[PDB]
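Shown next: upload-v6.pdb, containing PDB, C-alpha atoms.
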```
MODEL        1
ATOM      1  CA  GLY Z   1       0.000   0.000   0.000  1.00  0.00           C
ATOM      2  CA  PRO Z   2       2.216   2.860  -1.283  1.00  0.00           C
ATOM      3  CA  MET Z   3       1.450   6.533  -0.656  1.00  0.00           C
ATOM      4  CA  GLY Z   4      -1.175   7.933  -3.006  1.00  0.00           C
ATOM      5  CA  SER Z   5      -4.672   7.774  -1.534  1.00  0.00           C
ATOM      6  CA  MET Z   6      -7.692   9.674  -2.862  1.00  0.00           C
ATOM      7  CA  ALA Z   7      -8.222   9.605  -6.628  1.00  0.00           C
ATOM      8  CA  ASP Z   8     -11.799  10.781  -7.197  1.00  0.00           C
ATOM      9  CA  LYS Z   9     -10.525  12.544 -10.306  1.00  0.00           C
ATOM     10  CA  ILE Z  10      -9.034  11.116 -13.450  1.00  0.00           C
ATOM     11  CA  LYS Z  11      -5.561  11.928 -14.630  1.00  0.00           C
ATOM     12  CA  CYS Z  12      -5.462  12.019 -18.418  1.00  0.00           C
ATOM     13  CA  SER Z  13      -4.281  14.237 -21.288  1.00  0.00           C
ATOM     14  CA  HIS Z  14      -5.855  15.501 -24.532  1.00  0.00           C
ATOM     15  CA  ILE Z  15      -4.840  16.224 -28.121  1.00  0.00           C
ATOM     16  CA  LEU Z  16      -6.650  17.923 -31.024  1.00  0.00           C
ATOM     17  CA  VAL Z  17      -6.314  17.642 -34.800  1.00  0.00           C
ATOM     18  CA  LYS Z  18      -8.570  18.734 -37.655  1.00  0.00           C
ATOM     19  CA  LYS Z  19      -7.300  15.879 -39.804  1.00  0.00           C
ATOM     20  CA  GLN Z  20      -9.617  13.372 -38.151  1.00  0.00           C
ATOM     21  CA  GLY Z  21      -7.688  10.650 -39.938  1.00  0.00           C
ATOM     22  CA  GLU Z  22      -4.588  11.451 -37.913  1.00  0.00           C
ATOM     23  CA  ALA Z  23      -6.496  11.249 -34.639  1.00  0.00           C
ATOM     24  CA  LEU Z  24      -7.004   7.569 -35.469  1.00  0.00           C
ATOM     25  CA  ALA Z  25      -3.322   7.194 -36.340  1.00  0.00           C
ATOM     26  CA  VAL Z  26      -1.834   9.052 -33.376  1.00  0.00           C
ATOM     27  CA  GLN Z  27      -3.864   6.864 -31.029  1.00  0.00           C
ATOM     28  CA  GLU Z  28      -2.195   3.939 -32.780  1.00  0.00           C
ATOM     29  CA  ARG Z  29       1.318   5.419 -32.783  1.00  0.00           C
ATOM     30  CA  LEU Z  30       0.891   6.985 -29.332  1.00  0.00           C
ATOM     31  CA  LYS Z  31       1.458   3.626 -27.632  1.00  0.00           C
ATOM     32  CA  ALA Z  32       4.440   3.141 -29.948  1.00  0.00           C
ATOM     33  CA  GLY Z  33       6.507   4.744 -27.220  1.00  0.00           C
ATOM     34  CA  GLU Z  34       5.934   8.459 -27.759  1.00  0.00           C
ATOM     35  CA  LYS Z  35       4.664  10.645 -24.925  1.00  0.00           C
ATOM     36  CA  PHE Z  36       1.091  11.920 -25.185  1.00  0.00           C
ATOM     37  CA  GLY Z  37       2.196  15.350 -24.031  1.00  0.00           C
ATOM     38  CA  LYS Z  38       4.711  15.363 -26.876  1.00  0.00           C
ATOM     39  CA  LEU Z  39       1.989  15.110 -29.521  1.00  0.00           C
ATOM     40  CA  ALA Z  40       0.401  18.083 -27.752  1.00  0.00           C
ATOM     41  CA  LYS Z  41       3.077  20.434 -29.051  1.00  0.00           C
ATOM     42  CA  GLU Z  42       3.968  18.124 -31.945  1.00  0.00           C
ATOM     43  CA  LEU Z  43       0.739  17.803 -33.995  1.00  0.00           C
ATOM     44  CA  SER Z  44      -1.950  18.898 -31.521  1.00  0.00           C
ATOM     45  CA  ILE Z  45      -3.688  22.065 -32.683  1.00  0.00           C
ATOM     46  CA  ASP Z  46      -5.312  22.547 -29.271  1.00  0.00           C
ATOM     47  CA  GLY Z  47      -5.004  26.135 -28.091  1.00  0.00           C
ATOM     48  CA  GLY Z  48      -2.854  27.324 -25.171  1.00  0.00           C
ATOM     49  CA  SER Z  49      -3.913  24.207 -23.245  1.00  0.00           C
ATOM     50  CA  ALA Z  50      -1.569  22.326 -25.599  1.00  0.00           C
ATOM     51  CA  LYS Z  51       1.348  24.345 -24.223  1.00  0.00           C
ATOM     52  CA  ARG Z  52       1.004  22.312 -21.016  1.00  0.00           C
ATOM     53  CA  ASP Z  53       1.382  19.009 -22.880  1.00  0.00           C
ATOM     54  CA  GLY Z  54      -2.375  18.603 -22.549  1.00  0.00           C
ATOM     55  CA  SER Z  55      -1.772  17.532 -18.957  1.00  0.00           C
ATOM     56  CA  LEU Z  56      -5.436  17.458 -17.974  1.00  0.00           C
ATOM     57  CA  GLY Z  57      -4.345  16.085 -14.605  1.00  0.00           C
ATOM     58  CA  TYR Z  58      -6.915  15.085 -11.986  1.00  0.00           C
ATOM     59  CA  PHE Z  59     -10.351  15.914 -13.356  1.00  0.00           C
ATOM     60  CA  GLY Z  60     -13.754  15.036 -11.982  1.00  0.00           C
ATOM     61  CA  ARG Z  61     -17.304  14.483 -13.205  1.00  0.00           C
ATOM     62  CA  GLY Z  62     -17.918  18.023 -14.338  1.00  0.00           C
ATOM     63  CA  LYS Z  63     -14.816  19.491 -15.974  1.00  0.00           C
ATOM     64  CA  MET Z  64     -14.554  18.131 -19.525  1.00  0.00           C
ATOM     65  CA  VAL Z  65     -17.132  17.795 -22.305  1.00  0.00           C
ATOM     66  CA  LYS Z  66     -19.687  14.970 -22.089  1.00  0.00           C
ATOM     67  CA  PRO Z  67     -18.024  12.817 -24.821  1.00  0.00           C
ATOM     68  CA  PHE Z  68     -14.561  13.454 -23.408  1.00  0.00           C
ATOM     69  CA  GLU Z  69     -15.486  13.070 -19.745  1.00  0.00           C
ATOM     70  CA  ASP Z  70     -17.024   9.731 -20.703  1.00  0.00           C
ATOM     71  CA  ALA Z  71     -13.870   8.323 -22.290  1.00  0.00           C
ATOM     72  CA  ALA Z  72     -11.827  10.013 -19.554  1.00  0.00           C
ATOM     73  CA  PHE Z  73     -12.728   7.364 -16.972  1.00  0.00           C
ATOM     74  CA  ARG Z  74     -13.032   4.480 -19.444  1.00  0.00           C
ATOM     75  CA  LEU Z  75      -9.327   4.037 -20.173  1.00  0.00           C
ATOM     76  CA  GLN Z  76      -8.057   3.434 -16.651  1.00  0.00           C
ATOM     77  CA  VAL Z  77      -5.562   1.034 -18.227  1.00  0.00           C
ATOM     78  CA  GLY Z  78      -3.682   4.040 -19.553  1.00  0.00           C
ATOM     79  CA  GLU Z  79      -4.271   3.986 -23.264  1.00  0.00           C
ATOM     80  CA  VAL Z  80      -5.615   6.110 -26.080  1.00  0.00           C
ATOM     81  CA  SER Z  81      -9.385   6.291 -26.543  1.00  0.00           C
ATOM     82  CA  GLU Z  82     -11.578   6.273 -29.646  1.00  0.00           C
ATOM     83  CA  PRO Z  83     -11.693   9.423 -31.817  1.00  0.00           C
ATOM     84  CA  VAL Z  84     -13.953  11.760 -29.861  1.00  0.00           C
ATOM     85  CA  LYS Z  85     -15.252  14.793 -31.736  1.00  0.00           C
ATOM     86  CA  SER Z  86     -16.507  17.606 -29.515  1.00  0.00           C
ATOM     87  CA  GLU Z  87     -17.408  21.253 -30.096  1.00  0.00           C
ATOM     88  CA  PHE Z  88     -13.645  21.860 -30.173  1.00  0.00           C
ATOM     89  CA  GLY Z  89     -12.630  19.113 -32.602  1.00  0.00           C
ATOM     90  CA  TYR Z  90     -11.296  15.576 -32.855  1.00  0.00           C
ATOM     91  CA  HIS Z  91     -10.032  14.933 -29.323  1.00  0.00           C
ATOM     92  CA  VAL Z  92      -7.856  12.158 -27.899  1.00  0.00           C
ATOM     93  CA  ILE Z  93      -7.315  10.792 -24.374  1.00  0.00           C
ATOM     94  CA  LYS Z  94      -4.373   8.960 -22.788  1.00  0.00           C
ATOM     95  CA  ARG Z  95      -4.369   8.363 -19.029  1.00  0.00           C
ATOM     96  CA  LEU Z  96      -1.528  10.042 -17.192  1.00  0.00           C
ATOM     97  CA  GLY Z  97      -1.276  10.560 -13.458  1.00  0.00           C
TER      98      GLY Z  97
ENDMDL
END
```
Produce structure tokens that represent the structure in this file.
Amino acid sequence: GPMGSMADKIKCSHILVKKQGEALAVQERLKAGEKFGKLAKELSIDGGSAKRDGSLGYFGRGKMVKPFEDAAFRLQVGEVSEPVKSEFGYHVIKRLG
């Protein structure tokens, strides 16, 4: 039982790309060994938020969009989630905490 209690929130990151086809690719290549945050500045078009490597950090039920928040707590394994398109664009989610 190592130190690290309390985890009501989810610790994930997000990326955005207009080329919806890439979103499907990055998710594939993301696990290749590259860091999610890297893609943030690499190909992610996400505004300022991308400057923080998309480090969404601990979020709860009421911070991200409905489609995103849903996939936010679905990939507890720590992987990329299906191409989620919100009012912002084609999002991506890789658990990181």
Residue neighbourhood residue 55 of chain Z, 7 Å, all atoms listed in the file, exclusion window fewer than 6 positions, as a ChimeraX atom specification: /Z:12-13,37
Okay, now the selection with C-alpha atoms, as a PDB file, keeping the file's coordinate frame?
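Result file follows (selection23.pdb):
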```pdb
ATOM      1  CA  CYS Z  12      -5.462  12.019 -18.418  1.00  0.00           C
ATOM      2  CA  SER Z  13      -4.281  14.237 -21.288  1.00  0.00           C
ATOM      3  CA  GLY Z  37       2.196  15.350 -24.031  1.00  0.00           C
TER       4      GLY Z  37
END
```
Resolved residues for the PyMOL selection byres ((chain Z and resi 36) around 12) as an MDAnalysis selection string: chainID Z and resid 12:16 26:35 37:44 50 52:56 78:81 92:96
Explicit residue set for the PyMOL selection byres ((chain Z and resi 69-72) around 8), as a ChimeraX atom specification: /Z:10,12,61-68,73-75,81-82,93,95
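Between atom CA of residue 6 of chain Z and atom CA of residue 51 of chain Z the separation is 27.4 Å.
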Taking all atoms of segment 39-47 of chain Z that the file lists and extending 5 Å past them on each side, where is the centre of the axis-aligned box and how long are its edges? Answer in Å to one decimal, as AutoDock Vina command-line options.
```
--center_x -0.7 --center_y 20.6 --center_z -30.9 --size_x 19.3 --size_y 21.0 --size_z 16.2
```
Coordinates-based distance that separates atom CA of residue 24 of chain Z from atom CA of residue 11 of chain Z (Å, one decimal):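 Between these atoms lies a distance of 21.3 Å.
The nearest approach to residue 22 of chain Z among the residues Z:76, Z:86, Z:4, Z:45, with all atoms listed in the file taken into account, belongs to Z:45.
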d(atom CA of residue 19 of chain Z, atom CA of residue 83 of chain Z) in Å: 11.2 Å
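Among the candidate residues Z:85, Z:21, Z:48, Z:59, the one lying nearest to residue 9 of chain Z is Z:59, with distances computed using all atoms listed in the file.
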Selected residue, from Z:60, Z:91, Z:20, Z:97, that lies nearest to residue 77 of chain Z when counting only C-alpha atoms: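 The closest residue to residue 77 of chain Z is Z:97.
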